[PDB]
């Protein structure tokens, strides 16, 4: 399992509110990070998952938690999808494009026979350590509220190590 391992170096292009940016492991150092993987933009499935995260992004940013949704689509497609979907539009966190699949593979989250990333969320702490992993099949939704609970729980354990109960 990748639980308790340090994330690997990466460099991708992303679409963050209006423009294109470059994201690397450097950007994550010192912060808490959520890497939200999903299969593909413009598919027929409602972007509820990405939208719920979007709804709680102000709260996440309070907690000092950066969000990076990731898929193998290009940042170009993210821009087009962003400015064409009610839900996707709400997103203010960076939308990473991973066409080489390297980031997706870094997190061993590639559906190799489809070239698409699996539905997985990774919580990474300031030191780069993965502290929570969640992966679900199509249809089984990922709850933003539960994600927030885990992040708070993880943030607490980092402040109060060895909390017997």
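Positions refer to the first chain, counted from 1.
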Quiz item: For the stretches 48-56 and 132-140, which has the higher mean C-alpha B-factor as given in the deposited record?
Solution: 48-56
Practice problem: Quick one: say whether 66-74 or 38-46 has the higher mean Cα B-factor in the deposited entry. | Solution: 38-46
Quiz item: Out of 26, 111, 119, 105, which one has a C-alpha B factor higher than all the others in the entry?
Solution: 26
Self-check item: Third assignment of residue 2 from its chain's C-alpha B-factors
Solution: lowest
Exercise. Determine, from the deposited record, the chain-internal third of the Cα B-factor for residue 100: lowest, middle or highest.
Key: lowest
Self-check item: Chain thirds of CA B-factor: placement of residue 33
Solution: lowest
